[PDB]
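J.: Before we start, here is the structure in question, set down as structure tokens.
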There are 2 protein chains.
Amino acid sequence: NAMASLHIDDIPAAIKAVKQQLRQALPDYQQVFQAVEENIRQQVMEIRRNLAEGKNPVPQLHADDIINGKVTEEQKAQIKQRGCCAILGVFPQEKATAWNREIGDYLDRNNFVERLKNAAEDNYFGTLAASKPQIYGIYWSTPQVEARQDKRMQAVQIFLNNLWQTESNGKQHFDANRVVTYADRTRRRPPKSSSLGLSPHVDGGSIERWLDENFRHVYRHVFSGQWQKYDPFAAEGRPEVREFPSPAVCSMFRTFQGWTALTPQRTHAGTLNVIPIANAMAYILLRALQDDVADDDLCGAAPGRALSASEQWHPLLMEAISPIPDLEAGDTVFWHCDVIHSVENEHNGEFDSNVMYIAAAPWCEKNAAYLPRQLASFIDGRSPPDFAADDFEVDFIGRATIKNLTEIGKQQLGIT
Amino acid sequence: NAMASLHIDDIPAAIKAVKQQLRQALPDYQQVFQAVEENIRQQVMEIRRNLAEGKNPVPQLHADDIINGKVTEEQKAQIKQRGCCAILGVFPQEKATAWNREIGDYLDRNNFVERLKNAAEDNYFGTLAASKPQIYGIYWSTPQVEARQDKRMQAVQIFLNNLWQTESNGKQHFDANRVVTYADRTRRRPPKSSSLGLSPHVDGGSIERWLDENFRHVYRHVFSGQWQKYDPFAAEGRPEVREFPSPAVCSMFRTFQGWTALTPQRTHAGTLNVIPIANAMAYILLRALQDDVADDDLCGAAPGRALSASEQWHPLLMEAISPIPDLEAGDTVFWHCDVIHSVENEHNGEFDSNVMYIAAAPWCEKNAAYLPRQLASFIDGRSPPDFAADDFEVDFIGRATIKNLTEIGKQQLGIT
């Protein structure tokens, strides 16, 4: 709400006032930063050493091993330190491959490209926002609806949500054993194509991480100097954070963002890059408080945009950028909501690199509040409320409906 | 319009695409920047030398000398190089001093402070946005209305607008001999108070100066490399520039922003700082294209905010920051719409430092289009449409009306 009432042109003054308060509460902000920096440097060295050894620094598990409860305590600790995980064989390869063809048909038959070109204005900006598109405002294809409700996928999301410390001061901040569905888009990157994608960033808020008292509570051990107590997997306070209202706001708390692979994923073939450092955010928060940063500036952090990590202000973090592991169709990869990530710039592969966005979102009040309005958009075939009201699929042939839904899918979408 | 249709979360991709195009059109962007840099360095050295000699680098003229047409060609050239001018004795000191008392009474009697506190939410942000205020959402006091329509002030604005090259390719881009009124606020800075004010900045657009083809036309000689042909006082294209819709947008083209002093102004007493380099913008535009700037970044330029010049990206420009000359009540100071400026941080003076915002806005179609809707707000006592709809003075005792207006004031406000 406080964020909801702050004008976009009052932000620089907001930042100036709040930065003074944080430097005053944490007078040794420099020494704390240097201590945090050393902890980060040690994670970076280890990641670079993994890469140099030919090991991918992103942890990998088999869905079967999750389902059968064979994941060891050391593996869970590794995932929590790296803040990410690739999970293989969630779906059979045959199914995912068919899913890929089906989404393609779905787009082909309903003339998506032609519709996108029409929905764009004659601006330079509009027009190849509407040609060679890579992210598709497509939400209700049967493969998306089937993928979200699958039992294996549910077990994997429950596993991941249980990595969090969900209980604090007598209160359950979310139910890790209960999954709700967050409908999202699908991406299809052609070989040899350029990238529109954002540079290394984190979704879920930018300036607000400093300006909002609720975000600052999530990060209380960072701003008080007790950085060793900061825990990225502590749930407390995260479903309560306030964001500047914008198209970048997600209505749901997601513990992990996720990709489900519809095609093989390879390095240098349009795959995902991450910085696998779960507590990188502490470095970023503290970085913006140093003396070499202007008073009304937070290292470029800006309204209505994902928080960016740059070579300019965070060259240490950039040293730890890594491609995700190779994936086959039916594999997945997940990353903590605070993990820095980025689509790689170039795709020199032979075929389209295609994925569905499918996150892990646990049951909680915040997330429960979004379900009814999301359900309405599903019922209508409209774009969900967190997205541009393109509403492409209202009249699409073969759009998925309530009748494609299992009982799991029904409960995850808030149909009782 | 193109700017009007660009989403706030599509900007980083917009910047990435446009920066590639500009570096490709200007492949020697580095060498051009270094040549521009040298030209700037020479203006900075001269300004610092002025300051070291105890001369203020902001040109000064007497209103009488303007009115009697005694300003020399060298003085006009100096104003055009420095991009600013202090103009003394526009109003008699006695009048301006009374004006100051009258605005004070006007605020006192109508309980402005108490009203502001009520119009603010119970946020940390809201509350001393509403106490110890420095900028007052006050538009229609009789001193403001009288000051805007004064004959001496009109002559001074016509003088300044005639400094511009108003004619190009058969077309008059604005009528320098015809003034229209732009109603604005009033500022009152108490001694020993902190500053909310923005760091060194330029109003009238930020990212759009690179992203909008119309802005890029104003700056065509910069982006083509022919920087020596760039002329800050060329009118062509400026009334056609497109801005990202925000509370920072001014509906009128102003050739100069301006302050009218209601109290004495002194250095270290809450006065104005400027960087008196009219073509500083060329350095700023080119700076953002260098190899040390990230692909989707324009040295911090951001939507809905004045363009900032920083120690971080423009330390050369910061070396040339200067206080405006000392002013008495009734004096004025004006600066080119592209001139970097900034309220000084500290006020160690003995009394309130108070000014009225009164710009120079020439007649042209763009400006003529705003007059009717501005007139409506004047008629109602509402906040003008470019400002927050506070509407404080609707029921204020002593608000100015159409009956306070001379025939000049009537014509400047679009009453035939």
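Following the order of the structure tokens, first chain is A, next is B, and so on, with residues numbered from 1 inside each chain and ligands from 1 in the order they appear.
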Once you count only C-alpha atoms, which residues of chain B turn out to be within 10 Å of chain A? Could you give them as JSON, numbers by chain?
T.: {"B": [1, 2, 3, 5, 6, 7, 8, 9, 10, 11, 12, 13, 14, 16, 17, 18, 120, 121, 122, 123, 124, 125, 126, 129, 195, 196, 197, 198, 199, 211, 213, 246, 247, 248, 292, 293, 294, 295, 296, 297, 298, 299, 300, 301, 302, 303, 304, 305, 306, 310, 311, 312, 388]}
J.: When you look at range 96-102 of chain B with a cut-off of 7 Å (counting only C-alpha atoms), what residues show up, excluding the ones that are within fewer than 5 positions of it in the same chain? I need them as a PyMOL selection string.
T.: chain B and resi 91+143+262-263+329-330
J.: Please report the interatomic distance between CA of residue 50 in chain B and CA of residue 79 in chain B in Å with one decimal.
T.: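 Rounded to one decimal, the two atoms are 14.7 Å apart.
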J.: Would you kindly return, as an MDAnalysis selection string, each protein, DNA or RNA residue with an atom no farther than 8 Å from any atom of range 135-140 of chain A, considering only C-alpha atoms and excluding same-chain residues fewer than 6 positions away?
T.: chainID A and resid 183:188 378 381 383:384 390 392:393 399:401
J.: Would you mind aligning chain A to chain B, a least-squares fit over all C-alpha atoms taken in order, and returning the superposed chain as a compact mmCIF listing (two decimals) with C-alpha atoms, in the first residue's frame?
T.:
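Below is the file that was written, superposed.txt:
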```
# COMPACT_ATOMS: atom_id res chain seq x y z
CA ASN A 1 2.61 8.48 -29.17
CA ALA A 2 5.30 5.83 -29.66
CA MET A 3 6.47 6.74 -26.18
CA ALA A 4 2.83 6.71 -24.99
CA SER A 5 2.49 3.07 -26.07
CA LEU A 6 5.76 1.77 -24.65
CA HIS A 7 5.26 -0.25 -21.45
CA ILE A 8 7.39 0.59 -18.41
CA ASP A 9 8.71 -2.99 -18.33
CA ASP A 10 9.63 -3.00 -22.05
CA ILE A 11 12.05 -0.12 -21.71
CA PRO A 12 15.25 -2.14 -21.08
CA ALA A 13 14.67 -4.02 -24.36
CA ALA A 14 13.84 -0.73 -26.12
CA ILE A 15 17.13 0.71 -24.93
CA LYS A 16 19.06 -2.36 -26.01
CA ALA A 17 17.61 -2.19 -29.53
CA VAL A 18 18.04 1.54 -29.90
CA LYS A 19 21.60 1.65 -28.51
CA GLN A 20 22.68 -0.94 -31.10
CA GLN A 21 21.20 1.23 -33.87
CA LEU A 22 22.92 4.40 -32.62
CA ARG A 23 26.36 2.79 -32.23
CA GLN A 24 25.96 1.31 -35.71
CA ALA A 25 25.04 4.69 -37.25
CA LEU A 26 27.89 6.33 -35.29
CA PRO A 27 30.63 3.65 -35.27
CA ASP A 28 33.23 6.09 -34.02
CA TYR A 29 31.07 6.99 -30.97
CA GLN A 30 34.18 6.89 -28.79
CA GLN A 31 36.31 9.35 -30.78
CA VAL A 32 33.30 11.69 -31.13
CA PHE A 33 32.71 11.53 -27.38
CA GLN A 34 36.35 12.39 -26.68
CA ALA A 35 36.12 15.39 -29.03
CA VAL A 36 32.91 16.53 -27.33
CA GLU A 37 34.57 15.87 -23.98
CA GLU A 38 37.41 18.27 -24.82
CA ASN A 39 34.96 21.04 -25.76
CA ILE A 40 33.20 20.47 -22.41
CA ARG A 41 36.52 20.42 -20.50
CA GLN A 42 37.33 23.85 -21.92
CA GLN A 43 33.97 25.28 -20.80
CA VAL A 44 34.50 23.73 -17.33
CA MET A 45 38.01 25.21 -16.94
CA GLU A 46 36.67 28.65 -17.80
CA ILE A 47 33.82 28.32 -15.34
CA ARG A 48 36.15 27.19 -12.55
CA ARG A 49 38.42 30.12 -13.39
CA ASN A 50 35.46 32.53 -13.14
CA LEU A 51 34.64 31.07 -9.73
CA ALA A 52 38.31 31.27 -8.63
CA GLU A 53 38.38 34.94 -9.68
CA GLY A 54 35.26 35.56 -7.61
CA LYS A 55 33.09 36.04 -10.70
CA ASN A 56 29.80 34.22 -10.98
CA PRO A 57 29.78 32.27 -14.24
CA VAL A 58 26.04 32.93 -14.74
CA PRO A 59 25.56 36.00 -16.94
CA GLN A 60 23.70 38.95 -15.35
CA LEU A 61 21.61 41.66 -17.01
CA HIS A 62 19.35 44.45 -15.75
CA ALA A 63 15.73 44.28 -16.86
CA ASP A 64 15.96 47.98 -17.75
CA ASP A 65 18.84 47.22 -20.16
CA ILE A 66 16.75 44.52 -21.80
CA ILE A 67 13.71 46.80 -22.00
CA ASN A 68 15.72 49.65 -23.50
CA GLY A 69 17.40 47.31 -25.99
CA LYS A 70 20.94 47.88 -24.75
CA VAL A 71 22.06 44.24 -24.48
CA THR A 72 25.16 43.73 -26.64
CA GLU A 73 25.85 40.90 -29.08
CA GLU A 74 28.65 39.62 -26.82
CA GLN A 75 26.27 39.45 -23.85
CA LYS A 76 23.74 37.44 -25.90
CA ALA A 77 26.49 35.07 -27.06
CA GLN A 78 27.56 34.57 -23.44
CA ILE A 79 24.03 33.77 -22.33
CA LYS A 80 23.72 31.28 -25.21
CA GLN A 81 27.02 29.57 -24.30
CA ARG A 82 26.24 29.44 -20.54
CA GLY A 83 22.61 28.57 -21.20
CA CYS A 84 21.38 30.79 -18.40
CA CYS A 85 20.95 34.34 -17.16
CA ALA A 86 20.04 36.24 -14.01
CA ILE A 87 17.84 39.25 -14.73
CA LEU A 88 17.76 41.92 -12.04
CA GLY A 89 14.99 44.37 -11.26
CA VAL A 90 12.20 42.74 -13.21
CA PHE A 91 9.99 43.76 -10.29
CA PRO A 92 10.58 46.55 -7.78
CA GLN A 93 11.95 45.17 -4.52
CA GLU A 94 9.09 46.75 -2.56
CA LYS A 95 6.48 44.91 -4.62
CA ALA A 96 8.20 41.50 -4.41
CA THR A 97 8.67 41.86 -0.67
CA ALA A 98 4.92 42.59 -0.32
CA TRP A 99 4.18 39.66 -2.65
CA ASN A 100 6.15 37.43 -0.29
CA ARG A 101 4.11 38.55 2.74
CA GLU A 102 0.87 38.11 0.76
CA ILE A 103 1.60 34.53 -0.27
CA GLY A 104 2.45 33.81 3.36
CA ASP A 105 -0.87 35.28 4.56
CA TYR A 106 -2.68 33.41 1.80
CA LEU A 107 -1.21 30.12 3.03
CA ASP A 108 -1.70 31.06 6.73
CA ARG A 109 -5.34 32.12 6.56
CA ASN A 110 -6.49 29.13 4.49
CA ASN A 111 -4.67 26.67 6.78
CA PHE A 112 -2.56 25.18 4.00
CA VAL A 113 -0.27 23.09 6.25
CA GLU A 114 -3.23 21.58 8.10
CA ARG A 115 -4.89 20.78 4.76
CA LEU A 116 -1.72 19.18 3.40
CA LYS A 117 -1.41 16.98 6.48
CA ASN A 118 -4.97 15.79 5.96
CA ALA A 119 -4.43 15.09 2.24
CA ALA A 120 -1.51 12.84 3.11
CA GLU A 121 -1.83 9.16 3.99
CA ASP A 122 -0.49 7.74 7.23
CA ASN A 123 2.54 6.35 5.46
CA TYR A 124 6.04 7.26 6.49
CA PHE A 125 6.16 8.66 2.96
CA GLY A 126 2.93 10.57 3.19
CA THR A 127 3.39 12.32 6.48
CA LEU A 128 6.36 14.71 6.16
CA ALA A 129 5.68 14.93 2.52
CA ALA A 130 2.98 16.88 4.36
CA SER A 131 5.04 18.54 7.08
CA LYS A 132 7.81 21.11 6.78
CA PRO A 133 6.82 21.30 3.09
CA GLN A 134 9.07 23.27 0.77
CA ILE A 135 7.24 23.17 -2.56
CA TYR A 136 3.64 24.36 -2.31
CA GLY A 137 0.89 23.07 -4.60
CA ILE A 138 -0.35 26.62 -4.82
CA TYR A 139 -1.06 28.08 -8.24
CA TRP A 140 -3.51 30.98 -8.10
CA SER A 141 -2.41 33.46 -5.43
CA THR A 142 -2.70 37.07 -6.56
CA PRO A 143 1.11 37.55 -6.48
CA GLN A 144 1.60 34.62 -8.90
CA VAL A 145 -1.18 35.86 -11.21
CA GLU A 146 0.11 39.46 -11.08
CA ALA A 147 3.74 38.40 -11.57
CA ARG A 148 3.00 36.28 -14.65
CA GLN A 149 1.20 39.05 -16.51
CA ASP A 150 3.48 41.98 -15.65
CA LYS A 151 4.71 44.04 -18.67
CA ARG A 152 8.34 44.08 -17.60
CA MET A 153 8.28 40.30 -17.19
CA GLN A 154 6.75 39.90 -20.66
CA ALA A 155 9.56 41.97 -22.24
CA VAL A 156 12.15 39.82 -20.45
CA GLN A 157 10.53 36.58 -21.68
CA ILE A 158 10.29 37.92 -25.25
CA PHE A 159 13.97 38.90 -25.07
CA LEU A 160 14.96 35.42 -23.96
CA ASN A 161 12.80 33.58 -26.48
CA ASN A 162 14.33 35.70 -29.27
CA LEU A 163 17.73 34.22 -28.39
CA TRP A 164 16.53 31.06 -30.12
CA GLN A 165 16.72 30.28 -33.84
CA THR A 166 12.94 30.13 -34.25
CA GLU A 167 12.83 29.72 -38.05
CA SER A 168 13.90 26.69 -40.09
CA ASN A 169 12.95 25.22 -43.50
CA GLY A 170 10.27 27.84 -44.16
CA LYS A 171 8.59 27.22 -40.81
CA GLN A 172 8.26 29.25 -37.60
CA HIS A 173 8.58 26.67 -34.82
CA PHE A 174 7.40 29.17 -32.24
CA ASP A 175 6.56 32.84 -32.07
CA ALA A 176 9.28 34.43 -29.91
CA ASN A 177 7.34 37.71 -29.70
CA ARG A 178 4.27 36.08 -28.14
CA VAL A 179 4.22 34.78 -24.58
CA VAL A 180 1.81 32.25 -23.06
CA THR A 181 1.41 31.67 -19.34
CA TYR A 182 2.37 28.42 -17.66
CA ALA A 183 0.94 28.33 -14.13
CA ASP A 184 3.35 26.67 -11.70
CA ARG A 185 4.04 26.31 -7.97
CA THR A 186 5.92 28.31 -5.33
CA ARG A 187 8.76 27.29 -3.03
CA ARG A 188 9.57 28.28 0.55
CA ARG A 189 12.76 26.86 2.10
CA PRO A 190 13.31 27.44 5.87
CA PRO A 191 16.79 28.03 7.30
CA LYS A 192 18.66 25.00 8.69
CA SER A 193 16.34 22.59 6.82
CA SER A 194 17.28 19.42 4.93
CA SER A 195 16.76 19.10 1.19
CA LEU A 196 14.32 16.77 -0.55
CA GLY A 197 15.37 18.23 -3.90
CA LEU A 198 16.61 16.13 -6.80
CA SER A 199 20.36 15.88 -7.44
CA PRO A 200 21.73 17.60 -10.62
CA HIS A 201 19.17 17.04 -13.33
CA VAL A 202 17.46 18.29 -16.50
CA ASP A 203 13.66 18.40 -16.92
CA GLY A 204 11.74 17.59 -20.11
CA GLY A 205 12.55 13.93 -20.74
CA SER A 206 15.05 11.26 -19.83
CA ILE A 207 15.19 8.00 -21.80
CA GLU A 208 13.09 9.62 -24.55
CA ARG A 209 16.06 11.76 -25.67
CA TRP A 210 17.50 8.52 -27.06
CA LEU A 211 14.35 6.48 -27.71
CA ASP A 212 12.09 9.03 -29.42
CA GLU A 213 12.81 9.78 -33.08
CA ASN A 214 11.58 13.36 -32.47
CA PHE A 215 14.04 14.03 -29.64
CA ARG A 216 16.70 12.36 -31.76
CA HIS A 217 15.92 14.86 -34.50
CA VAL A 218 16.57 17.77 -32.08
CA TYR A 219 19.88 16.05 -31.34
CA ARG A 220 20.58 14.89 -34.89
CA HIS A 221 23.96 16.59 -35.15
CA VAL A 222 25.02 14.85 -31.93
CA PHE A 223 23.98 11.35 -33.01
CA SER A 224 25.49 11.79 -36.52
CA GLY A 225 28.88 12.87 -35.15
CA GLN A 226 28.73 16.45 -36.44
CA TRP A 227 28.67 17.72 -32.87
CA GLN A 228 30.07 21.15 -33.74
CA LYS A 229 26.82 21.83 -35.57
CA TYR A 230 24.65 21.03 -32.55
CA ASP A 231 22.90 24.19 -31.38
CA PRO A 232 21.00 24.21 -28.05
CA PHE A 233 19.17 27.33 -29.20
CA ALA A 234 17.83 25.80 -32.41
CA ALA A 235 14.04 25.61 -31.98
CA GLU A 236 13.39 23.07 -34.79
CA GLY A 237 11.84 19.81 -33.51
CA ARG A 238 11.60 20.70 -29.81
CA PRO A 239 7.82 21.34 -29.72
CA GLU A 240 7.35 17.93 -31.36
CA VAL A 241 9.20 15.74 -28.81
CA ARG A 242 7.41 12.71 -27.31
CA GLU A 243 7.56 11.86 -23.62
CA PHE A 244 6.73 8.82 -21.52
CA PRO A 245 3.40 9.84 -19.87
CA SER A 246 4.11 10.56 -16.21
CA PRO A 247 3.79 13.23 -13.50
CA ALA A 248 7.12 14.59 -14.80
CA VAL A 249 5.65 15.62 -18.15
CA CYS A 250 5.19 19.32 -18.82
CA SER A 251 2.39 19.99 -21.33
CA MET A 252 4.18 23.06 -22.63
CA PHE A 253 7.41 23.68 -24.43
CA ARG A 254 9.40 26.04 -22.20
CA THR A 255 12.45 27.70 -23.75
CA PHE A 256 13.67 28.56 -20.24
CA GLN A 257 12.68 27.46 -16.74
CA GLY A 258 12.73 30.37 -14.27
CA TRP A 259 12.64 31.49 -10.64
CA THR A 260 11.34 34.84 -9.44
CA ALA A 261 12.90 35.76 -6.07
CA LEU A 262 10.48 36.68 -3.26
CA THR A 263 13.29 36.92 -0.73
CA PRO A 264 17.06 37.54 -1.05
CA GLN A 265 18.93 34.53 -2.49
CA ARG A 266 22.46 33.68 -1.32
CA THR A 267 24.94 30.82 -1.66
CA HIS A 268 24.65 28.34 1.26
CA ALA A 269 21.19 29.72 1.98
CA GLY A 270 19.06 27.29 -0.06
CA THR A 271 19.60 28.84 -3.50
CA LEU A 272 19.85 27.24 -6.95
CA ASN A 273 22.92 25.48 -8.43
CA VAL A 274 23.41 25.22 -12.15
CA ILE A 275 25.91 23.74 -14.58
CA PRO A 276 26.16 26.70 -16.99
CA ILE A 277 27.03 24.71 -20.08
CA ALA A 278 24.25 24.98 -22.71
CA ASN A 279 25.57 22.04 -24.79
CA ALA A 280 26.22 19.70 -21.84
CA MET A 281 23.44 17.45 -23.21
CA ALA A 282 25.68 16.36 -26.13
CA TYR A 283 28.19 14.95 -23.64
CA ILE A 284 25.34 13.20 -21.78
CA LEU A 285 23.81 11.66 -24.94
CA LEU A 286 27.16 10.37 -26.18
CA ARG A 287 28.36 9.28 -22.73
CA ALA A 288 25.63 6.63 -22.59
CA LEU A 289 26.87 5.02 -25.81
CA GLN A 290 30.38 4.15 -24.60
CA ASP A 291 31.67 0.62 -24.12
CA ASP A 292 31.69 0.92 -20.31
CA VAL A 293 27.92 1.32 -20.28
CA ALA A 294 25.72 -1.79 -20.16
CA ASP A 295 23.68 -2.62 -23.27
CA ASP A 296 20.27 -1.93 -21.82
CA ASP A 297 21.41 1.05 -19.77
CA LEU A 298 21.59 4.79 -20.40
CA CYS A 299 23.73 5.87 -17.42
CA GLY A 300 20.75 5.57 -15.06
CA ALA A 301 18.23 7.38 -17.23
CA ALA A 302 14.78 6.14 -16.15
CA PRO A 303 11.02 6.60 -16.96
CA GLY A 304 9.04 9.37 -15.31
CA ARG A 305 12.14 10.97 -13.81
CA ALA A 306 14.24 14.00 -14.72
CA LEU A 307 17.49 13.06 -16.47
CA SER A 308 20.24 12.94 -13.86
CA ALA A 309 23.87 13.98 -14.23
CA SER A 310 26.03 12.15 -11.73
CA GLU A 311 29.51 11.93 -10.30
CA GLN A 312 29.34 8.29 -11.37
CA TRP A 313 28.99 8.82 -15.13
CA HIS A 314 29.62 12.56 -15.62
CA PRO A 315 32.31 13.59 -13.08
CA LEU A 316 33.57 16.21 -15.62
CA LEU A 317 30.21 18.06 -15.56
CA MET A 318 30.06 17.98 -11.75
CA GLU A 319 33.33 19.96 -11.70
CA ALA A 320 31.35 22.88 -13.17
CA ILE A 321 28.46 23.17 -10.67
CA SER A 322 27.95 26.80 -9.60
CA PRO A 323 25.51 28.70 -7.39
CA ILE A 324 23.40 31.29 -9.18
CA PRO A 325 24.27 34.93 -8.51
CA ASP A 326 23.03 36.62 -5.34
CA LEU A 327 19.51 37.93 -5.96
CA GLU A 328 17.26 40.42 -4.22
CA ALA A 329 13.49 40.24 -4.06
CA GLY A 330 12.18 41.15 -7.51
CA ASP A 331 15.16 39.71 -9.37
CA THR A 332 14.87 36.61 -11.53
CA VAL A 333 17.03 33.86 -12.92
CA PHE A 334 16.36 31.80 -16.07
CA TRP A 335 17.95 28.69 -17.54
CA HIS A 336 17.68 26.83 -20.86
CA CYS A 337 15.44 23.78 -20.81
CA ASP A 338 18.53 21.53 -21.25
CA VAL A 339 20.63 23.12 -18.49
CA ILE A 340 21.58 20.85 -15.58
CA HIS A 341 20.44 22.27 -12.30
CA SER A 342 19.89 21.46 -8.71
CA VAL A 343 18.78 23.02 -5.41
CA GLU A 344 21.79 23.30 -3.09
CA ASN A 345 21.67 20.92 -0.15
CA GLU A 346 22.07 23.27 2.74
CA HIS A 347 20.51 26.57 3.92
CA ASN A 348 22.52 28.25 6.69
CA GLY A 349 20.91 31.63 6.16
CA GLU A 350 18.76 33.54 8.64
CA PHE A 351 15.39 33.68 6.85
CA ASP A 352 13.12 31.70 4.52
CA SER A 353 14.35 31.48 0.95
CA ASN A 354 11.19 31.85 -1.19
CA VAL A 355 10.60 31.95 -4.96
CA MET A 356 7.80 31.61 -7.53
CA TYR A 357 8.27 29.29 -10.53
CA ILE A 358 7.69 31.45 -13.64
CA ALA A 359 9.10 30.17 -16.93
CA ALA A 360 9.27 31.56 -20.47
CA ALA A 361 6.91 29.73 -22.79
CA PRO A 362 6.50 31.04 -26.34
CA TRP A 363 3.34 30.85 -28.39
CA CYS A 364 3.13 27.71 -30.56
CA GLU A 365 0.51 25.06 -31.34
CA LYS A 366 1.60 22.65 -28.62
CA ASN A 367 1.44 25.38 -25.97
CA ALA A 368 -1.80 26.78 -27.33
CA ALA A 369 -3.38 23.32 -26.90
CA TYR A 370 -2.80 23.34 -23.14
CA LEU A 371 -4.31 26.76 -22.49
CA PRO A 372 -8.00 25.82 -22.56
CA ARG A 373 -7.66 23.06 -19.96
CA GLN A 374 -5.33 25.22 -17.87
CA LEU A 375 -7.94 27.99 -18.02
CA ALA A 376 -10.61 25.61 -16.76
CA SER A 377 -8.47 24.79 -13.71
CA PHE A 378 -7.88 28.52 -13.10
CA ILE A 379 -11.61 29.19 -13.35
CA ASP A 380 -12.32 26.44 -10.78
CA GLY A 381 -9.34 27.14 -8.53
CA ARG A 382 -8.18 23.56 -9.20
CA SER A 383 -4.62 22.30 -9.65
CA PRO A 384 -3.59 22.70 -13.33
CA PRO A 385 -3.69 19.47 -15.34
CA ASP A 386 0.10 18.87 -15.35
CA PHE A 387 0.05 18.62 -11.56
CA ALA A 388 -1.34 16.35 -8.86
CA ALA A 389 -5.06 17.01 -8.47
CA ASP A 390 -4.65 18.43 -4.94
CA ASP A 391 -7.06 21.27 -5.79
CA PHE A 392 -6.24 23.11 -2.54
CA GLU A 393 -7.43 26.55 -3.55
CA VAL A 394 -10.96 25.73 -4.69
CA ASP A 395 -12.28 27.15 -1.42
CA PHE A 396 -9.37 29.45 -0.44
CA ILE A 397 -10.11 33.01 0.67
CA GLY A 398 -8.37 35.55 -1.53
CA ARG A 399 -7.65 33.27 -4.49
CA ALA A 400 -6.96 35.27 -7.66
CA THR A 401 -9.59 35.25 -10.41
CA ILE A 402 -10.20 36.38 -14.00
CA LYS A 403 -10.90 39.84 -12.56
CA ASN A 404 -7.29 40.27 -11.34
CA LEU A 405 -6.19 39.90 -14.97
CA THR A 406 -4.97 42.65 -17.27
CA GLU A 407 -5.51 42.33 -21.02
CA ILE A 408 -1.99 40.87 -21.30
CA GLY A 409 -2.78 38.27 -18.65
CA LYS A 410 -6.01 37.46 -20.47
CA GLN A 411 -4.25 36.93 -23.79
CA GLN A 412 -1.38 34.95 -22.24
CA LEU A 413 -3.96 32.61 -20.65
CA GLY A 414 -5.86 32.09 -23.92
CA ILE A 415 -8.80 34.36 -23.15
CA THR A 416 -8.92 35.30 -26.83
```
